[PDB]
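Residue-level structural notes
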Amino acid sequence: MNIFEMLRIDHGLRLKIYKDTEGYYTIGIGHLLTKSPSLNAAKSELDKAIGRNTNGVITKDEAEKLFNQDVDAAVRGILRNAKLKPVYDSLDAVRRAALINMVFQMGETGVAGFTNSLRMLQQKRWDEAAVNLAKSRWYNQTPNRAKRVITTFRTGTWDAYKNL
Ligand SMILES: [Cl-]
Ligand SMILES: [Cl-]
């Protein structure tokens, strides 16, 4: 299992614009287009992202291209973030994938805000961080996804993803 497979499970693959769980226009594998309520705005962002007049539909290859760029961006945001970097640097390979997941999902900024859990993760207090992570809007809004990631941090294994 790896980050790509992991996030592909968490986000699915959609070839036409759709609204995510927060009501925002997205496409591909979790690629947020815009927070704005305008389908046009969304369409404009997509064409600009793809480099062609798409008409709100993309190919699988195109979706994957955005997916690679996005994963890459998440890794670099972490590495560039003064609050994130040290946490990431202290984790094993599986847990690093759990940190990338959250960043992909809610941005560096959102993640850097879980100050307390970050501290626990850094200290390797797994069960305690797991409990703390759960006390969040994130967990309450998308509990199933949140549980997979949280279990990943608790255990340091891919068990939550095997079966999916
Ligand atoms: Cl883009
Ligand atoms: Cl969920």
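Residues numbered from 1 in each chain as written, not as in the entry; some residues may be left out. Chains lettered and ligands numbered in written order. Heavy atoms only, no water.

As recorded in the entry header, the structure was determined using X-ray crystallography to a resolution of 1.9 Å.

This is how it is decided: UniProt positions are given in the numbering used here, feature names are shortened, and annotations may be inferred rather than shown by experiment.
As recorded by the PDB entry, the protein chain carries the name PROTEIN (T4 LYSOZYME) and is attributed to Enterobacteria phage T4. For the protein chain, the Subcellular location comment in UniProt is given as "Host cytoplasm". Word for word, the UniProt comment on the protein chain under Sequence similarities is "Belongs to the glycosyl hydrolase 24 family."

Some remarks on the packing of aromatic side chains
Selection rule: Two aromatic rings, drawn from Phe, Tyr or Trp (for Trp, its six-membered ring), form a pair once their centres lie within 6.5 Å of each other, and the interplanar angle then sorts them: stacked below 30 degrees, edge-to-face above 60, tilted otherwise. Elements are defined by DSSP. Helices are runs of H or I of four residues or more, strands are runs of E of two residues or more, and each kind is numbered from the N terminus. Between buried and exposed lies partly exposed: a residue is buried under 20% and exposed over 50% of the maximum accessible area for its type, with that area taken using a 1.4 Å probe on protein chains only.
Enumeration according to the criterion identifies four aromatic pairs in this entry. Relative to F67, the ring of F4 has its centre 5.3 Å away and its plane inclined at 85°; by these criteria the two rings are edge-to-face. A residue pair is termed long-range when its members are at least 10 positions apart, and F4 in helix α1 (residues 3–11) and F67 in helix α3 (residues 60–80) qualify at 63 residues. With relative accessibility at 32%, the residue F4 sits in the partly exposed group.

A look at helix α5 (residues 93–112)
For the record, the criterion: Helix span, expected: 1.5 Å multiplied by one less than the number of residues in the helix. Bend at a residue means the angle formed by two fitted axes: the first through the 7 residues ending at that position, the second through the 7 residues beginning there. Here a polar contact is taken to be a pair of N or O atoms separated by no more than 3.5 Å, where protein atoms must pair a possible hydrogen donor with a possible acceptor and residues adjacent in sequence count only if both atoms sit in side chains.
Taking 1.5 Å as the rise per residue, α5 with 20 residues should run 28 Å; its terminal C-alpha atoms sit only 19 Å apart, a clear shortfall. Of all the bends in α5, the greatest measures close to 115° and is centred on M106. The set of residues buried in α5 consists of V94, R95, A97, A98, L99, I100, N101, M102, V103, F104, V111 and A112. Sitting at the amino-terminal end of α5 is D92, which places a side-chain oxygen 3.3 Å from the backbone nitrogen of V94.

Observations regarding unusual backbone geometry
Within the chain, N55 stands out as a residue other than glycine whose phi angle is a positive 70°. Along the chain, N55 turns up in the loop between α2 (39–50) and α3. Here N163, not a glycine, exhibits a phi torsion of approximately 120°, which is positive. Mapped onto the elements of the fold, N163 is located in the segment after α9 (143–155).

Comments concerning the environment of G113
Structurally, the position occupied by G113 is in the loop between α5 and α6 (115–122). Here the alpha-carbon distance between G113 and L84, two residues 29 residues apart in the chain, equals 9.8 Å.

A few points about the packing of helix α7 (residues 126–134) against α9
When two helices pack together, you describe them by how their axes are tilted relative to each other and by the distance separating the axes. Spelled out, the test is: Interaxial angle, 0 to 180 degrees, is taken between N-to-C directions of lines fitted to C-alpha atoms, where a helix line uses only the stretch in contact. By the definition adopted for this analysis, an angle is roughly parallel if under 35 degrees, roughly antiparallel if over 145, roughly perpendicular if from 65 to 115, and oblique otherwise. For any pair of crossing helices, the crossing counts as left-handed if the nearer helix is rotated counterclockwise from the farther one by less than a right angle, and right-handed if it is rotated clockwise. Any two residues whose heavy atoms approach within 4.5 Å are treated as being in contact. Basically, the charged four are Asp, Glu, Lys and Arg, the nonpolar ten are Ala, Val, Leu, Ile, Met, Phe, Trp, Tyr, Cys and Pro, and anything else, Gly included, counts as polar.
Where α7 meets α9, the axes come as close as 8 Å, and the angle between the chain directions of the two elements is 165°. What the angle tells us is that α7 and α9 run roughly antiparallel. For the crossing formed where α7 meets α9, the hand is right-handed. Contacts from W126, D127, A130, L133 and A134 in α7 reach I150, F153 and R154 in α9. In terms of residue class, the contact of α7 with α9 is built from six nonpolar, no polar and two charged.

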